[PDB]
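Some notes on the structure that comes next.
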Amino acid sequence: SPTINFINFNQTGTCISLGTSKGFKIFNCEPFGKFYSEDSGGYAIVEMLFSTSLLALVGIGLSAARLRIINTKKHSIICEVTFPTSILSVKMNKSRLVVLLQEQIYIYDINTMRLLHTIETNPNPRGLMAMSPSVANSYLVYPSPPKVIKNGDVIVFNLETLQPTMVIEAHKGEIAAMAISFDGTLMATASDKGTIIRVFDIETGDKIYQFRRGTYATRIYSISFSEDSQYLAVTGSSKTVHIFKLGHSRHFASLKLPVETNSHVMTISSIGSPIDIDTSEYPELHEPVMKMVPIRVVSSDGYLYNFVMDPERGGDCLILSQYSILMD
Amino acid sequence: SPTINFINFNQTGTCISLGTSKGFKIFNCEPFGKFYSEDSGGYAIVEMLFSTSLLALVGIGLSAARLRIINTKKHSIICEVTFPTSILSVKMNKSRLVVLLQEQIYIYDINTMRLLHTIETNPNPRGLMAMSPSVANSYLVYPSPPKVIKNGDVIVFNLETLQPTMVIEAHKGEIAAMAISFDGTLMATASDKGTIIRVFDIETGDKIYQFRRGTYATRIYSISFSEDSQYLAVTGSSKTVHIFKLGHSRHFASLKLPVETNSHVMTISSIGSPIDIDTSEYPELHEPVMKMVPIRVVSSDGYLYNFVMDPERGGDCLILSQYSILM
Amino acid sequence: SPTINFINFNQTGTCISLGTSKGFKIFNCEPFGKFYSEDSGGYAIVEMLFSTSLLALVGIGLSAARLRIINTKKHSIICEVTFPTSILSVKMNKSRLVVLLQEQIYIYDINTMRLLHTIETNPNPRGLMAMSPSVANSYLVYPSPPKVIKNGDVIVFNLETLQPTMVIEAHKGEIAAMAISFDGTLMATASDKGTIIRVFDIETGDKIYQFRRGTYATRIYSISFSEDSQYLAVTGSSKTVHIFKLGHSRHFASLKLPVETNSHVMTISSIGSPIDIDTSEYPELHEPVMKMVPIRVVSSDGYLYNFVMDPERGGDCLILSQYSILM
Amino acid sequence: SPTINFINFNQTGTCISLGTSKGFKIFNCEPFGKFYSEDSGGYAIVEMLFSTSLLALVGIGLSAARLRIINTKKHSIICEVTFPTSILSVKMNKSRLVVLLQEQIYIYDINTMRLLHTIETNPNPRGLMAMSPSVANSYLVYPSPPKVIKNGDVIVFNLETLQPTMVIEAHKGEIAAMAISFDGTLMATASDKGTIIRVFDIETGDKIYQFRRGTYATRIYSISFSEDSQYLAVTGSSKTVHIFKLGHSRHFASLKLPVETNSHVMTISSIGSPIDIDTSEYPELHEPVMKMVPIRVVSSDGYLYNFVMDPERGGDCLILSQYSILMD
Amino acid sequence: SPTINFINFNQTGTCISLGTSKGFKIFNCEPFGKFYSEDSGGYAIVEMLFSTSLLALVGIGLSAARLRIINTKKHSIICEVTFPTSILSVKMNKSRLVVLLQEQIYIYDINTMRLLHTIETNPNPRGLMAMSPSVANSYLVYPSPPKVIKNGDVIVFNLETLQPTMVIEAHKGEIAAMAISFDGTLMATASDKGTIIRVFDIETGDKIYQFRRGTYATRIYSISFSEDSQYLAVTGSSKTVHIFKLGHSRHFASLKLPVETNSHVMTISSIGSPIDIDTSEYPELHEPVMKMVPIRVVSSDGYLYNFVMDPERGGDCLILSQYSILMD
Amino acid sequence: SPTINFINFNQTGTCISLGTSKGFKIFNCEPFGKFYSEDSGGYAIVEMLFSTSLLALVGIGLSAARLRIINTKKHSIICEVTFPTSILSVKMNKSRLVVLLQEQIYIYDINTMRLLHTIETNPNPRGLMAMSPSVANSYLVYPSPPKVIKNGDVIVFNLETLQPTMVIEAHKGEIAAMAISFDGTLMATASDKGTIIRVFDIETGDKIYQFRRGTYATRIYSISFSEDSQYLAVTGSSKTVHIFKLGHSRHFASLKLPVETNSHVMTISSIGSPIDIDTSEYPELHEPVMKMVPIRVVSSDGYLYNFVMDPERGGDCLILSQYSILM
């Protein structure tokens, strides 16, 4: 079993991207299957648009500096761009392409592929970003630490006009994770303590929600919004996933992975639109069918976990199935 | 009489820097005199610190891109730095040195002279900034127009920590002039129409005062605060200089230059601390001495004009004397 | 005594430019003196125009690629230009500026300083050119070897119209030195063996004179014409300088340096206009005064040697005096 | 009927290339037929080697900047090279490939396809070139106008050693057309007046022949040598084609197109080796067969015209047939 | 090493055709080399004309019923013709193309490719044929067994006029092999016993020569004439090749394959025009050079064997070299 | 009186088959009578076996392509078979059934009626064959002209083994009529000019006899042998029937029809075994009885003519009686 270095959902959560030390893979979620694969070499960043057969490939070191965009349906190379330093993150929408280095931000137009704007930012060794995926509210946010309490400063940058809009005084400590909703309305961040989750409304700048996560300080791996902006997902080193309800404190519902899973695994999750499931097959503990929110949690060990959450009851979520990436 | 391309006061307003097409000169204000001069070449930017024998010299194009730092007392060269494009503005405090190109901002430590930060901004063909001269509140502000209504966006940048603090939605149109008080507390901005003057409190961001300037729209050359932040001075193409009182609308007092003066003159001004003047010599229209704020207005034609303002009466200001720079 | 890396006369031969590992110096010839000097850094190319306080300064590697134009009277910088590779030669007239890299030629207008033309040539590791200093016949010639017998092909390029005029099949072997007279009428070339010196008439292209140099093949350092195109001076590794008379084969007159001189010295020379010298002081072997052509030969060890040639007698030339540059 | 933008014979004159706004076509001459076609898009330059299934494709704007080499028999792409500006001409021999922009010349080796030499020339908005098609005498000539009487300067460049050989003082006015014989021995040029045709011997530089063309000044569209260097063909805006005999003034023989043809049409021609025709079928006005020089003249309207010339009589040439390109 | 299903010389013996289960190959004989190849699939019949880049391809099952004619130089398909049953043999000359099924004969004109004549013959499971390759004497002969001693009846069919010419009472038993000389003058046949070889003159019908082959009855694989009609070659299951002289019984000269070769291999041979060889290199056991008849024997295992025969001495033939088909 | 399209004897010559445009009829020869008749439709081919109540019926176009086998005694249908084109000839023996189209020959087993063989021949628009009626020597012969001098090539085909035996180069011109004796021993052929009659021995292939017919070339309608192969009968457009004696040139005996007969009549004949006739009734010009070979000649106009030939005298033959078929 080859080691994997990167997992990432698309901007809608209906697909899967992945990068191994021997190649990369592209899966699908509802009619599960291996859509694409290529065993060329180690890949560290595999980012794709809303399907559309568009990919962004960063080699593990094709070095980590070079970024290559490949159209999988045409099997051709759109362009290749090099960078002075290793790439730390690449994110995309159907309007702009952004490449982030440790102290610089590069912004490209996805169509023309010509360089547009460059931001000189204070060092970000963690490669933290968040991009609104919609063109109507195209906003990019990056942290602004002081150069050596005013450490958790985040710069709200509008990609449409290529000018900053405001400065958000997010937290006292360094930012550890950040995400933007699908429509670009909201924003969520968390310090390196992972104890307090804060939600700011990007257009006005007001803090809307403040959630407490866990009891003691522990690392946060990633944050992701629901597609309908109803729920927010956080994953940490405690091998537990929390879901906070944004329909408005304590986490609304929690996901516990199977015990056999090792605790030293990074997990990214995604929340999908509610679906109907047959209660006859699953003794939830009854109407024949009731709406269940499906949750997909994939870990760096190469597994996929499917949960269902009751929007009213919440609580601990039942687990339906456990596929295995890199195999059937 | 050689043509002059650049005039500015020092950060305290007690000195004069000037650049001709043949060299640069340095003057003084109260015991007027010519401290230094060199007939080296064309100079476009001659900026000085709080005396201290430190200068920034930019050639007319010594190219326009090159910047040279010279100690006038030692007649030596501290350093020499080049830039890919022509320099548009240079400002200093006793802690940081800022060089602005049309699209880039370079910040240097005044002591070590090593580069500290670089800012990629939207193009500024007008070379507009404002630098707080005090190290306690060292702030830099530069405009951020959208790249091709929200055209008059300005970025409040902190030099101490090298991180921006906030974004101020100053005006609807493009910014034309910026000025920061001596202590770095306030910032004043002017749109390209020069009809509304707005001053913001830099730490909070709230607009404190709003001034109406003149009757019709006309260009603004420069803005400058008083040492004690009591008054604000603006000069425009109407050949008239206005003084706005910040002790708290309409201009408090107006400076009318002599009629024979050319109308197409760049005019910069400065406000000094109140001093005692004898009313026996000057029929102000009476106690023997009364405090009157002295104002120095140097124009691009090469003349200095001294005025006095009565802080209570205000109104049209009397002119005492006129020298002639370059002579 | 710092090492020196570059010596050349001006386009009239009445001045000296020189570059050390610590700075550059500028001298004069008839009333000998040191006009200028700076201990800035290593300089590899120091080229001057017809006095006029204009210089081209190239750092030893200020990198070798960078070229800086400095006005010594104003102590300012006209401009600063970089190149992808190290500069190999720089020459000027009062109309054009030429910068040569190993495979590229850049031509600049001396006044506006904007780029005018670029020539892609076959590699020239020796950095060889020749520039006519008069604007009436402004010509540039550079060698064009085949890219890997016809190896000594040289391209006659007109700077005025920026179009080549003709191709001269100069020599069978690679070109080693090129020189153009003051008026731009003639061009002289030297093969890598230094045995045959050929001069061509640039407008017609016909070889006018052919000179045999020395007895055996040896390297040639530089060639230079007289102001009136009467004589041609070549210097080689044999520590001997030859003068060929163009008033029309064998060298007309030979310059033998003092024996104590090191043999491994780069030697450049120049020929000046005839002057009156007193035979009473100098027993030439007699009228009190007779015109004798003065020759100045500066070597890489740092010394200047003054000779005189009798235009009718020719022959071995007497040496009058010796100074010491850098002292 | 789609509009066509480019017509060009091969280096031997036994084939035809063509480019439309919808695709390109490749014909043949003696056993006439449509050898190849591809309706991809607009093409502006279609240049091919001596058969050998080698092509050079320049899109109308595959932009005009990009040049693509396609092997029609293998249906694959050998390589793709981009250029900063739009391409104005591409010519080839079995040794070198040259791409010309408005102020630059690029020279490539046809086999290795690596860049060899670059010439910085004065602006040529007309895209004028001439290449000897034989490797024994590989010479390339381009005009050298002054940069703003010495306007008609042409630089004779040897492609083998990549060094200029001489400078030719061709004409007083700007050069309008130029061509090189098959063996690379001769050269022919004409100013923008089109009144005087001059022939220079490329190896020595001497002007060998000087022909007068027409009476009043009129534009010249193209010049082409005969394969055996016996005759030279010029075509102008007068809807008339002249042939000058090089076996050595006034044009030896002239070709008049049918009256129905519009005068605002560009025509390129080619001269083939002499062939035997039966005088019984054609009342020339008699031996049964006598040698006739065949001439093929194709116009931008999409037609082909076949003429026969008597090398001794010359004069106005009889027209045998009139095919139609884009159809049968 | 892929298995091969078909080997056949051309009508002159100067080339080689071959068909594998993965593709087909085309070799050459005197300047030995691999002229062509194509790894598409299994091929059972690969027949080619006198060079001329013409091929006949029958798939192993492109089924065995379908026959496809491909021009290897043009890489195109001339035509495709289907048949109700599997093809058993295809032979060609520069005038006619004949396709044989188990009970039917189809004759086509090679140029026009339209059907001309069809012969309804009694069943021939062995696919036996013989065609004169010259247009002057275009004769086709096929066996005519009785439908269930008069079993070895062969019908002499003239392809030019498409009418039978005579009936030959060849042998008492079933015919096993048959061949026609290059000029179409002679004919040779052999029964399934392989003991007696009979030669009939096709124009008159008289039996000219009768040769005894071997001692006991054994199978005969193929018969081939010399180009000059001087010698006749037979190959059997005894791993031995006999040559009978037609300059006029017992075989004149015999060819013994190397012992390492397996006996269960089918061998086809061909006789070429006499050539000069240097006796200095080869100690034949002496003039420096003497004429030797070269013989090429290829077996179904994938090897080629070159022999030399002395026309006067005959006897056992020396073997010069042993190439290897499917490799160098 | 309906038109008649087809007349032929049986394989023994003791019966008559006939086809009208309204139906078919079957007669007898020695005790003359009408055995059978049906007014069904137009019939073009009515062929019978050796009595045995077996018939082959082809419609006039029951299309011309269709063939129907009918048993007249049972009034039933044995089978029905169609063909892609119109049938041109049908013949039988007691072992095989042959159907000929213009370019194809079909052979059927008379008993099982399953198809046995098919022959692809060059086109025969005249529908010519010859069938041996004995199973001991069952042979079929059909012409093989070249497909567009050797035009009269005929193929000897053996029905028993279904394989051809030999090819006979019969005549230079196209074959016009073929006939095989009762035992299948001999075959007779006639060219389109009808001048030369050739008979070949089918087993050996050698031409045995050659007969000259008439004086000038004229068409031949049919040929038929005697039962004992003693005589051969040919009928042509000259309204004269010739008898050639094969007991071994010029015709042995000639049959002249009555003058009133139409000249444009298809005439077929047959030769029977010798019988005893009374010379008292017939003045032959005498023993009371002498054997005379009876000849029956039925013509397309619908009449039967009875002749007698003296085997020794030969010569012109006397006519005894005339009936009228269809009445």
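Ligands are numbered from 1 in the order shown, chains are lettered A, B, ... in the order of the structure tokens, and residues start at 1 in each chain.
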
Find the residues around residue 163 in chain D up to 8 Å (only C-alpha atoms counted), leave out those fewer than 3 positions away in its own chain, and share them as JSON, numbers by chain. {"C": [122, 144, 145, 146, 147], "D": [157, 158, 159]}

May I have the residues from that selection written out with N, CA, C and O atoms, as an mmCIF file, in the first residue's frame?
data_model
loop_
_atom_site.group_PDB
_atom_site.id
_atom_site.type_symbol
_atom_site.label_atom_id
_atom_site.label_comp_id
_atom_site.auth_asym_id
_atom_site.auth_seq_id
_atom_site.Cartn_x
_atom_site.Cartn_y
_atom_site.Cartn_z
ATOM 1 N N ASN C 122 27.515 35.821 -33.707
ATOM 2 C CA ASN C 122 28.187 34.618 -33.256
ATOM 3 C C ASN C 122 29.129 34.966 -32.104
ATOM 4 O O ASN C 122 29.636 36.090 -32.029
ATOM 5 N N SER C 144 32.396 38.232 -37.301
ATOM 6 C CA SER C 144 31.338 37.239 -37.488
ATOM 7 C C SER C 144 31.958 35.905 -37.872
ATOM 8 O O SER C 144 32.100 35.582 -39.057
ATOM 9 N N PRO C 145 32.354 35.103 -36.888
ATOM 10 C CA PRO C 145 32.909 33.785 -37.183
ATOM 11 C C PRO C 145 31.802 32.780 -37.450
ATOM 12 O O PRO C 145 30.682 32.935 -36.942
ATOM 13 N N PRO C 146 32.067 31.745 -38.242
ATOM 14 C CA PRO C 146 31.070 30.688 -38.428
ATOM 15 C C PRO C 146 30.757 29.978 -37.124
ATOM 16 O O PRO C 146 31.623 29.773 -36.271
ATOM 17 N N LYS C 147 29.490 29.603 -36.976
ATOM 18 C CA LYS C 147 29.033 28.922 -35.772
ATOM 19 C C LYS C 147 29.203 27.417 -35.939
ATOM 20 O O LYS C 147 28.781 26.846 -36.950
ATOM 21 N N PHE D 157 22.141 35.511 -46.240
ATOM 22 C CA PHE D 157 22.490 34.772 -45.036
ATOM 23 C C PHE D 157 22.677 33.306 -45.388
ATOM 24 O O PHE D 157 21.796 32.695 -45.999
ATOM 25 N N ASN D 158 23.820 32.745 -45.009
ATOM 26 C CA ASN D 158 24.102 31.336 -45.238
ATOM 27 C C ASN D 158 23.604 30.534 -44.041
ATOM 28 O O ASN D 158 24.057 30.749 -42.913
ATOM 29 N N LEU D 159 22.670 29.616 -44.292
ATOM 30 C CA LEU D 159 22.079 28.842 -43.207
ATOM 31 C C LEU D 159 23.018 27.751 -42.711
ATOM 32 O O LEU D 159 22.929 27.344 -41.548
#

Residues of chain C that approach chain B to 6 Å or less, counting only C-alpha atoms: could you list each one with the shortest pair of atoms and its distance in Å to one decimal, rows by chain and increasing residue number, as CSV?
residue,atom,partner,partner_atom,distance
C:74,CA,B:40,CA,3.5
C:75,CA,B:40,CA,5.7
C:76,CA,B:62,CA,4.1
C:77,CA,B:62,CA,2.4
C:78,CA,B:62,CA,4.7
C:79,CA,B:63,CA,4.5

Tell me, counting only C-alpha atoms, for each residue of chain F within 10 Å of chain E, which pair of atoms is nearest and how far apart they are in Å to one decimal, in rows ordered by chain and increasing number, as JSON lines.
{"residue": "F:116", "atom": "CA", "partner": "E:147", "partner_atom": "CA", "distance": 9.2}
{"residue": "F:117", "atom": "CA", "partner": "E:120", "partner_atom": "CA", "distance": 8.5}
{"residue": "F:118", "atom": "CA", "partner": "E:120", "partner_atom": "CA", "distance": 6.6}
{"residue": "F:119", "atom": "CA", "partner": "E:120", "partner_atom": "CA", "distance": 5.9}
{"residue": "F:120", "atom": "CA", "partner": "E:119", "partner_atom": "CA", "distance": 6.0}
{"residue": "F:121", "atom": "CA", "partner": "E:119", "partner_atom": "CA", "distance": 8.3}
{"residue": "F:122", "atom": "CA", "partner": "E:163", "partner_atom": "CA", "distance": 7.8}
{"residue": "F:144", "atom": "CA", "partner": "E:163", "partner_atom": "CA", "distance": 6.7}
{"residue": "F:145", "atom": "CA", "partner": "E:163", "partner_atom": "CA", "distance": 7.2}
{"residue": "F:146", "atom": "CA", "partner": "E:161", "partner_atom": "CA", "distance": 5.3}
{"residue": "F:147", "atom": "CA", "partner": "E:161", "partner_atom": "CA", "distance": 5.7}
{"residue": "F:148", "atom": "CA", "partner": "E:161", "partner_atom": "CA", "distance": 7.3}
{"residue": "F:150", "atom": "CA", "partner": "E:165", "partner_atom": "CA", "distance": 10.0}
{"residue": "F:153", "atom": "CA", "partner": "E:165", "partner_atom": "CA", "distance": 8.7}
{"residue": "F:154", "atom": "CA", "partner": "E:164", "partner_atom": "CA", "distance": 9.8}
{"residue": "F:155", "atom": "CA", "partner": "E:164", "partner_atom": "CA", "distance": 8.5}
{"residue": "F:158", "atom": "CA", "partner": "E:146", "partner_atom": "CA", "distance": 9.9}
{"residue": "F:160", "atom": "CA", "partner": "E:147", "partner_atom": "CA", "distance": 8.9}
{"residue": "F:161", "atom": "CA", "partner": "E:146", "partner_atom": "CA", "distance": 5.4}
{"residue": "F:162", "atom": "CA", "partner": "E:147", "partner_atom": "CA", "distance": 6.0}
{"residue": "F:163", "atom": "CA", "partner": "E:146", "partner_atom": "CA", "distance": 5.8}
{"residue": "F:164", "atom": "CA", "partner": "E:167", "partner_atom": "CA", "distance": 7.8}
{"residue": "F:165", "atom": "CA", "partner": "E:167", "partner_atom": "CA", "distance": 6.7}
{"residue": "F:166", "atom": "CA", "partner": "E:167", "partner_atom": "CA", "distance": 5.3}
{"residue": "F:167", "atom": "CA", "partner": "E:166", "partner_atom": "CA", "distance": 5.3}
{"residue": "F:168", "atom": "CA", "partner": "E:166", "partner_atom": "CA", "distance": 8.2}
{"residue": "F:169", "atom": "CA", "partner": "E:165", "partner_atom": "CA", "distance": 9.1}

Taking N, CA, C and O atoms for each residue, export the selection above as an mmCIF file, in the first residue's frame.
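Result file follows (selection.cif):
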data_model
loop_
_atom_site.group_PDB
_atom_site.id
_atom_site.type_symbol
_atom_site.label_atom_id
_atom_site.label_comp_id
_atom_site.auth_asym_id
_atom_site.auth_seq_id
_atom_site.Cartn_x
_atom_site.Cartn_y
_atom_site.Cartn_z
ATOM 1 N N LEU F 116 -28.286 -31.662 -56.144
ATOM 2 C CA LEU F 116 -27.009 -32.364 -56.089
ATOM 3 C C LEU F 116 -25.821 -31.509 -56.489
ATOM 4 O O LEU F 116 -24.764 -31.607 -55.865
ATOM 5 N N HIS F 117 -25.961 -30.672 -57.512
ATOM 6 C CA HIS F 117 -24.821 -29.926 -58.025
ATOM 7 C C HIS F 117 -25.318 -28.662 -58.707
ATOM 8 O O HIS F 117 -26.492 -28.544 -59.060
ATOM 9 N N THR F 118 -24.400 -27.715 -58.878
ATOM 10 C CA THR F 118 -24.665 -26.483 -59.607
ATOM 11 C C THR F 118 -23.426 -26.145 -60.418
ATOM 12 O O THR F 118 -22.308 -26.242 -59.906
ATOM 13 N N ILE F 119 -23.618 -25.767 -61.677
ATOM 14 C CA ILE F 119 -22.523 -25.419 -62.571
ATOM 15 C C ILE F 119 -22.705 -23.980 -63.023
ATOM 16 O O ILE F 119 -23.782 -23.599 -63.495
ATOM 17 N N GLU F 120 -21.653 -23.178 -62.872
ATOM 18 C CA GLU F 120 -21.641 -21.803 -63.356
ATOM 19 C C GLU F 120 -20.971 -21.786 -64.723
ATOM 20 O O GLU F 120 -19.752 -21.955 -64.827
ATOM 21 N N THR F 121 -21.763 -21.585 -65.767
ATOM 22 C CA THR F 121 -21.269 -21.595 -67.134
ATOM 23 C C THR F 121 -21.386 -20.213 -67.759
ATOM 24 O O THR F 121 -22.128 -19.348 -67.285
ATOM 25 N N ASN F 122 -20.634 -20.014 -68.834
ATOM 26 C CA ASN F 122 -20.758 -18.797 -69.611
ATOM 27 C C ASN F 122 -22.146 -18.742 -70.248
ATOM 28 O O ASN F 122 -22.747 -19.784 -70.526
ATOM 29 N N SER F 144 -19.456 -24.082 -73.797
ATOM 30 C CA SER F 144 -18.669 -23.155 -72.983
ATOM 31 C C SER F 144 -17.984 -22.144 -73.889
ATOM 32 O O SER F 144 -16.833 -22.332 -74.302
ATOM 33 N N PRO F 145 -18.668 -21.056 -74.228
ATOM 34 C CA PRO F 145 -18.051 -20.019 -75.052
ATOM 35 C C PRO F 145 -17.178 -19.108 -74.208
ATOM 36 O O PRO F 145 -17.423 -18.948 -73.002
ATOM 37 N N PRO F 146 -16.149 -18.501 -74.792
ATOM 38 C CA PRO F 146 -15.355 -17.520 -74.048
ATOM 39 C C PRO F 146 -16.191 -16.325 -73.628
ATOM 40 O O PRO F 146 -17.090 -15.877 -74.343
ATOM 41 N N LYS F 147 -15.883 -15.810 -72.442
ATOM 42 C CA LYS F 147 -16.606 -14.670 -71.896
ATOM 43 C C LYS F 147 -15.944 -13.377 -72.357
ATOM 44 O O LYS F 147 -14.724 -13.219 -72.236
ATOM 45 N N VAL F 148 -16.745 -12.459 -72.883
ATOM 46 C CA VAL F 148 -16.236 -11.183 -73.365
ATOM 47 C C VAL F 148 -16.605 -10.064 -72.396
ATOM 48 O O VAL F 148 -17.506 -10.218 -71.571
ATOM 49 N N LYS F 150 -11.915 -20.571 -81.148
ATOM 50 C CA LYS F 150 -12.340 -21.302 -79.952
ATOM 51 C C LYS F 150 -13.610 -20.713 -79.341
ATOM 52 O O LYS F 150 -13.635 -20.318 -78.175
ATOM 53 N N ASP F 153 -16.522 -24.452 -77.894
ATOM 54 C CA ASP F 153 -16.089 -25.394 -76.875
ATOM 55 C C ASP F 153 -17.282 -25.899 -76.076
ATOM 56 O O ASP F 153 -18.146 -25.127 -75.650
ATOM 57 N N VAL F 154 -17.319 -27.212 -75.871
ATOM 58 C CA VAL F 154 -18.409 -27.869 -75.165
ATOM 59 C C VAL F 154 -17.818 -28.688 -74.025
ATOM 60 O O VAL F 154 -16.734 -29.266 -74.157
ATOM 61 N N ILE F 155 -18.518 -28.713 -72.893
ATOM 62 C CA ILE F 155 -18.046 -29.360 -71.676
ATOM 63 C C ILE F 155 -18.778 -30.681 -71.506
ATOM 64 O O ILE F 155 -20.011 -30.706 -71.429
ATOM 65 N N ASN F 158 -20.128 -35.503 -66.373
ATOM 66 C CA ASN F 158 -20.652 -36.791 -65.941
ATOM 67 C C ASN F 158 -21.610 -36.572 -64.778
ATOM 68 O O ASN F 158 -21.232 -35.997 -63.754
ATOM 69 N N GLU F 160 -23.171 -38.977 -63.007
ATOM 70 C CA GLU F 160 -23.066 -39.986 -61.959
ATOM 71 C C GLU F 160 -22.148 -39.522 -60.834
ATOM 72 O O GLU F 160 -22.531 -39.548 -59.659
ATOM 73 N N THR F 161 -20.937 -39.093 -61.175
ATOM 74 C CA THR F 161 -19.963 -38.645 -60.191
ATOM 75 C C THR F 161 -19.964 -37.135 -59.990
ATOM 76 O O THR F 161 -19.257 -36.646 -59.106
ATOM 77 N N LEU F 162 -20.741 -36.396 -60.780
ATOM 78 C CA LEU F 162 -20.826 -34.938 -60.705
ATOM 79 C C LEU F 162 -19.444 -34.291 -60.846
ATOM 80 O O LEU F 162 -19.043 -33.424 -60.069
ATOM 81 N N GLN F 163 -18.723 -34.741 -61.875
ATOM 82 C CA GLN F 163 -17.442 -34.130 -62.203
ATOM 83 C C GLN F 163 -17.282 -34.127 -63.711
ATOM 84 O O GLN F 163 -17.659 -35.113 -64.361
ATOM 85 N N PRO F 164 -16.779 -33.048 -64.305
ATOM 86 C CA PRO F 164 -16.541 -33.046 -65.752
ATOM 87 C C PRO F 164 -15.465 -34.048 -66.135
ATOM 88 O O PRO F 164 -14.543 -34.324 -65.365
ATOM 89 N N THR F 165 -15.595 -34.596 -67.338
ATOM 90 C CA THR F 165 -14.655 -35.595 -67.827
ATOM 91 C C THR F 165 -13.632 -35.035 -68.801
ATOM 92 O O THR F 165 -12.437 -35.299 -68.643
ATOM 93 N N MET F 166 -14.060 -34.266 -69.798
ATOM 94 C CA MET F 166 -13.136 -33.712 -70.778
ATOM 95 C C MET F 166 -13.800 -32.522 -71.455
ATOM 96 O O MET F 166 -15.007 -32.307 -71.330
ATOM 97 N N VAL F 167 -12.986 -31.750 -72.171
ATOM 98 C CA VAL F 167 -13.439 -30.587 -72.924
ATOM 99 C C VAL F 167 -13.200 -30.871 -74.399
ATOM 100 O O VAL F 167 -12.080 -31.222 -74.793
ATOM 101 N N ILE F 168 -14.244 -30.720 -75.207
ATOM 102 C CA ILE F 168 -14.190 -31.030 -76.630
ATOM 103 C C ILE F 168 -14.181 -29.728 -77.415
ATOM 104 O O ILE F 168 -15.084 -28.895 -77.265
ATOM 105 N N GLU F 169 -13.157 -29.551 -78.250
ATOM 106 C CA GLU F 169 -13.083 -28.419 -79.169
ATOM 107 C C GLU F 169 -13.905 -28.777 -80.402
ATOM 108 O O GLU F 169 -13.396 -29.237 -81.426
#

Give me the residues near residue 292 in chain A as a PyMOL selection string, where near means some atom within 12 Å (using only C-alpha atoms) and where sequence neighbours in that chain fewer than 3 positions away do not count. chain A and resi 271-279+282+284+289+295+306-314+317-320

Could you please determine the separation between CA of residue 37 in chain A and CA of residue 75 in chain D in Å, to one decimal place? 26.3 Å

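Applying a distance limit of 12 Å to only C-alpha atoms, the residues of chain E near chain D read residues 72, 73, 74, 75 and 76 of chain E.
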
Excluding residue 138 in chain C and any residue of its chain fewer than 3 positions from it, enumerate the residues within 8 Å of it, using only C-alpha atoms, and give them as a PyMOL selection string. chain C and resi 131-135+158-160+184

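Shell of residue 193 in chain F at 12 Å, with only C-alpha atoms counted and residues fewer than 6 places along the chain excluded, is residues 152, 171, 172, 173, 174, 175, 176, 177, 212, 213, 214, 215, 216, 217, 218, 219, 220, 221, 236 and 237 of chain F.
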